[PDB]
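Please read the structure below before turning to the comments.
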Amino acid sequence: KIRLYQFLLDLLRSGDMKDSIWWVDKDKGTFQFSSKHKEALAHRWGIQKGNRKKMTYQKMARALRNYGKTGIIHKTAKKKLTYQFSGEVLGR
DNA sequence: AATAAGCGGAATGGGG
DNA sequence: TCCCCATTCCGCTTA
């Protein structure tokens, strides 16, 4: 099954949900979710995974928090809804 | 207060 | 057995 970080990177590459997620500084790998439209993207993640319950942005962000220890995705300090993929994730 | 977001331990569920 | 990769629950803190 697709991993969360790959789902998000794929969305950014395809542009399919541009009103829910966007690059802030693509060369640095920083991206941000829409305050008003992030739930639609979270719903899509849960449906793609076949999860039992409806996915919420809060639960998806709880999964993102686990990537901070490994560095796969870091949450940008002093910003809201903003994250940064590692260089390794971006190298494909 | 109302609303949003951050934080994150812990329990539970996936698929090896 | 026991790690992977989340998901779900719960509740306190900060804005």
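Only heavy atoms go into these numbers, but all of them, side chains included; no hydrogens, no water, no symmetry mates. Chain A is the first sequence line, chain B the second, and so forth, proteins listed ahead of strands; every chain is numbered from 1.
The two residues A:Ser20 and A:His37 come nearest to each other via the heavy atoms OG-O, 2.7 Å. When all heavy atoms of A:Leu90 and A:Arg13 are compared, the closest pair comes out as O-NH2, 3.7 Å. Considering every non-hydrogen atom in both A:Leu9 and A:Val89, the closest pair reads CD2-O, 3.7 Å.
Shown here are the side chain to side chain donor-acceptor pair (under 3.5 Å) partners of A:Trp22, two or more places apart in sequence or in another chain: A:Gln32. For A:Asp19, there are no salt bridge (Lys or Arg N to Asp or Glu O under 4.0 Å) partners, not counting sequence neighbours.
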- [ ] Could you go through the side-chain contact (heavy atoms from CB on, under 4.5 Å) check for A:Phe85 and A:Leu12 one step at a time?
- [x] CA-CA 12 Å; A:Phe85 296 108; A:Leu12 284 159; 3.6 Å; yes

- [ ] Please assess A:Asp16 against A:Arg44 for the test side-chain contact (heavy atoms from CB on, under 4.5 Å), listing each intermediate value before the final yes or no.
- [x] CA-CA 11 Å; A:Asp16 194 60; A:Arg44 183 175 297 191; 2.6 Å; yes

- [ ] Give the C-alpha distance, both sets of side-chain angles, the deciding distance and a yes or no for side-chain contact (heavy atoms from CB on, under 4.5 Å) between A:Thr76 and A:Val24.
- [x] CA-CA 11 Å; A:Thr76 305; A:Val24 182; over 6 Å; no

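Sequence neighbours left out, not one pair with a member in residues 57-70 of chain A passes salt bridge (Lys or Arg N to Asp or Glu O under 4.0 Å). Judged as a ring-ring contact (aromatic ring centres under 6.0 Å, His included), the pairs with a partner in residues 61-81 of chain A (not counting sequence neighbours) are, in order, A:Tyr5-A:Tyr67. Each salt bridge (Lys or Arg N to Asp or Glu O under 4.0 Å) pair with one or both residues in residues 28-42 of chain A, not counting sequence neighbours, appears once here: A:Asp25-A:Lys28.
Note: A:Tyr57 and A:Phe33 have perpendicular aromatic rings, judged against thresholds of 30 and 60 degrees for the angle between ring planes.
With hydrogens and angles disregarded, a donor-acceptor distance shorter than 3.5 Å links the side chain of A:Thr82 to the backbone of A:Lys80.
A:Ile47 shares a hydrophobic cluster with no other residue; no ILVMFWY side chain has heavy atoms under 4.5 Å from its own.
Proximity of A:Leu4 to A:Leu64: side-chain heavy atoms (C-beta onward) are separated by under 4.5 Å at one or more points.
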